[PDB]
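Letter by letter, the chains look like this.
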Amino acid sequence: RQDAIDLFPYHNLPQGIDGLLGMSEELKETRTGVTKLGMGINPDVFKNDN
Amino acid sequence: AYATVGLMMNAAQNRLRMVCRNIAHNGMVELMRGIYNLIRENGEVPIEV
């Protein structure tokens, strides 16, 4: 033969895992005020955002 | 303190700034209060006036 051994056909990952893992991240970061990169508040801005 | 540019608005820096503020108010101040009483209650002390 010579075709006697071949890598087993594993599935690919899904496009959706990728994108939805995506959406959830932001949905946390909009239904709550948390953001892994963004600056926090201080008493001053709590009293005057300007 | 660095509103020049280093505005500190990183959730990573603030989830750290929390832990040190815990160590301050649960830990360090109760060590000082702990001493100030212990000292205030025993021995004779001098001061280089």
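Going by the header, the method for this PDB entry is cryo-EM, and the resolution given is 7.4 Å.

Visitor: Talk me through the overall build of chain A; I want residue IDs and the actual numbers.
Guide: The secondary structure content of chain A amounts to 2 helices and 0 strands. Taking 10 Å as the expected radius of gyration for a compact globule of 50 residues, we find that chain A reaches 24 Å, considerably beyond that expectation. C-alpha extents for chain A along the principal axes are approximately 80 × 15 × 10 Å. Counting over 50 residues, chain A shows a buried share of 0%. Accessible surface, chain A: about 5,400 Å² in total, of which carbon and sulfur atoms supply 61%. In chain A, which carries 5 positive and 8 negative side-chain charges, the distance between the mean positions of the two groups comes to 7 Å.

Visitor: Residues and numbers for the pattern of salt bridges, please.
Guide: Residue and element names in this part refer to chain A. This model, assessed by the stated rule, comprises 2 salt bridges over all chains. With a closest N to O distance of 2.8 Å, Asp-3 and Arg-1 form a salt bridge. The exposed category is assigned to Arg-1, whose relative accessible area is 81%. Across the pair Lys-28 and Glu-29 runs a salt bridge whose closest N-O atoms are separated by 3.4 Å.

Visitor: Go over the interface of chain A and chain B, please, and point to the residues and values.
Guide: Facing the 6 residues of chain A at the interface are 7 residues of chain B. Here chain A and chain B share an interface that buries about 500 Å² over both sides, 64% of which is from carbon and sulfur atoms. Considering only the surface of chain A that becomes buried against chain B, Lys-36, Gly-38 and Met-39 of chain A emerge as the three largest contributors, covering 71% of it. At the junction of chain A and chain B, the tally comes to 0 salt bridges.

Visitor: Report on the packing of aromatic side chains, specifying residues and quantitative values.
Guide: Residues and elements named next belong to chain A. Evaluated as defined, the whole model comprises 1 aromatic pair over all chains. Considering the side-chain rings of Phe-8 and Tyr-10, the 5.3 Å spacing of their centres and the 50° angle between planes classify their relative orientation as tilted. The same class applies to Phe-8 as to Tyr-10, namely exposed.

Visitor: Can you break down unusual backbone geometry residue by residue, with the values?
Guide: The phi dihedral of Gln-2 of chain A falls on the positive side, at around 125°, and the residue is not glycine. Structurally, the position occupied by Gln-2 of chain A is in the segment before α1 (15–31). Residue classification places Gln-2 of chain A among the exposed residues on the basis of a relative accessible area of 77%. For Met-8 of chain B, which is not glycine, the phi dihedral falls at a positive 70°. Position of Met-8 of chain B among the secondary structure elements: in the segment before α1 (11–39). Classification of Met-8 of chain B by relative accessible area gives partly exposed; the value is 39%.

Parameters at a glance
Residues numbered from 1 in each chain as written, not as in the entry; some residues may be left out. Chains lettered and ligands numbered in written order. Part of a larger assembly, values for the part shown. Heavy atoms only, no water. Helix = DSSP H or I, 4+ residues; strand = E, 2+ residues; numbered from the N terminus. Rg over C-alpha atoms; globule rule 2.2 N^0.38 Å. Buried < 20%, exposed > 50% of the residue type's maximum accessible area, 1.4 Å probe, protein only. Areas by Shrake-Rupley, 256 points an atom, 1.4 Å probe, with all protein chains shown as cover. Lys, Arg positive; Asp, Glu negative; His and termini not counted. Charge placed at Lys NZ, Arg CZ, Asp CG, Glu CD. Salt bridge = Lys/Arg side-chain N within 4 Å of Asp/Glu carboxyl O. Contact = heavy atoms within 4.5 Å. Buried area = accessible area lost by both parts, 1.4 Å probe. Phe/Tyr/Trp six-rings, centres within 6.5 Å; stacked < 30°, edge-to-face > 60°.

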